[PDB]
Amino acid sequence: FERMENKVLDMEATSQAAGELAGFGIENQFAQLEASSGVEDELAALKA
Amino acid sequence: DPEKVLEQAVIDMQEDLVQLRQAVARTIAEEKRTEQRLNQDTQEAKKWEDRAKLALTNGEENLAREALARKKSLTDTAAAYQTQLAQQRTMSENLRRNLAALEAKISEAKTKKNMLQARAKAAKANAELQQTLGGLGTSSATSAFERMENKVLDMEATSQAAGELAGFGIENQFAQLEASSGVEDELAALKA
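Chains as they are written, first to last, in the authors' numbering: chain D, 168 to 215; chain D', 24 to 215. A prime marks a further copy of an entry chain.
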């Protein structure tokens, strides 16, 4: 169980490496995606 | 690996419980025997006591006292065996309670490790899925699109070479062509 537990920490360490690099300018494009999402909500209000 | 060690310990636990069962069964056998032994012994004193009663009938006080000698010997043995039986009963319950507790340890220890191992394996499997989703490699095609893009620039460069040389005196002849074109327009006005 200790042996497997170390592997879990390795995955968490990999998650740390995976998570830290995740940050990119793409986050700005998500705001555009959410901005476009409001359009359908605005159109949804038009349907209402 | 802990998987093998944990599994092996679980396998070992299977052996241990069987042995304790045998020890208990051995204990059951021992207590039964002394129970059997003491029971009959208590009666033998009564039997010899009866032999004294025959002596009580007439004369042989020696036989009566002799019978008491067996009586005294037997009762002492019964007390010793009674004491021995107490030890086995106490020991038997000790192993019984030890076995009951030992069983709980084995069951929980075995199951908890297995589920821990399963979830731990599940954990890495989920993590791998997330990693692979980020690790998608189809973006490498940009080089191919980049490769074609360079060719487009080569065509534009060829267009630059083609367009720059296009200039010639022939342009003056086009004015003559357009000048002749006006003639038909002038004739078109004549038709109008």
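Quick reminder that beta carbons are idealized off the backbone N, C-alpha and C, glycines included.
Step through the CB atoms of chain D and report whether any lies within less than 8 Å of the CB of residue i.
i, result
"D'/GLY157", "yes"
"D'/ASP24", "yes"
"D'/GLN140", "yes"
"D'/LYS136", "yes"
"D'/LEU29", "yes"
"D'/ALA150", "yes"
"D'/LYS147", "yes"
"D'/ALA132", "no"
"D'/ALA143", "yes"
"D'/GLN37", "no"
"D'/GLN107", "no"
"D'/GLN110", "no"
"D'/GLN154", "yes"
Would a check of beta-carbon distances place residue i closer than 8 Å to chain D'?
i, result
"D/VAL175", "yes"
"D/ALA180", "no"
"D/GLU169", "yes"
"D/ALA185", "yes"
Apart from the five residues on each side of it in sequence, which residues of its chain come closer than 7 Å, Cβ to Cβ, to residue i?
i, result
"D'/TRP71", "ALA90, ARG93, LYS94"
"D'/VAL33", "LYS133"
"D'/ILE129", "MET36, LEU40"
Among residues of its own chain, excluding the 5 on either side of residue i, which ones have a beta-carbon nearer than 6 Å to its beta-carbon?
i, result
"D'/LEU122", "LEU43"
Comparing the CB of residue i with every heavy atom of the ligand NAD, is any distance shorter than 7 Å?
i, result
"D/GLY192", "This structure lacks the ligand NAD, and indeed carries no ligand of any kind."
Name the two residues that bound the continuous alpha helix (DSSP H) containing residue i.
i, result
"D'/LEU159", "No alpha helix (DSSP H) holds D'/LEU159; DSSP gives it neither H nor E."
"D'/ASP64", "25 to 80"
"D/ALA180", "169 to 189"
"D/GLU201", "193 to 214"
Could you name the residues of the same chain whose beta carbon sits closer than 8 Å to that of residue i, not counting the 5 residues immediately before and after it, in chain order?
i, result
"D'/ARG112", "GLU54"
"D'/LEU97", "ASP64, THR65, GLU67, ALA68, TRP71"
"D'/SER162", "none"
Would you call the segment 90 to 106 of chain D' and the segment 33 to 52 of chain D' touching, i.e. three or more CB-CB distances under 8 Å?
They do not touch, by the three-pair rule.
Does the segment 49 to 64 of chain D' come within contact of the segment 96 to 109 of chain D', defined as at least 3 CB pairs closer than 8 Å?
Counting Cβ pairs under 8 Å, three or more are found: they touch.
Flag this pair as touching only if the segment 194 to 206 of chain D and the segment 157 to 175 of chain D' have three or more C-beta atom pairs under 8 Å; answer yes or no.
The answer is no - the segment 157 to 175 of chain D' does not touch the segment 194 to 206 of chain D, with fewer than three Cβ pairs under 8 Å.
Touch test, the segment 144 to 157 of chain D' against the segment 180 to 197 of chain D, Cβ-Cβ under 8 Å, three pairs minimum:
The segment 180 to 197 of chain D and the segment 144 to 157 of chain D' touch, with three or more beta-carbon pairs separated by less than 8 Å.
Evaluate the contact criterion for the segment 138 to 148 of chain D' versus the segment 173 to 180 of chain D: three or more CB pairs, one atom per stretch, below 8 Å.
Output reads yes: the segment 173 to 180 of chain D touches the segment 138 to 148 of chain D'.
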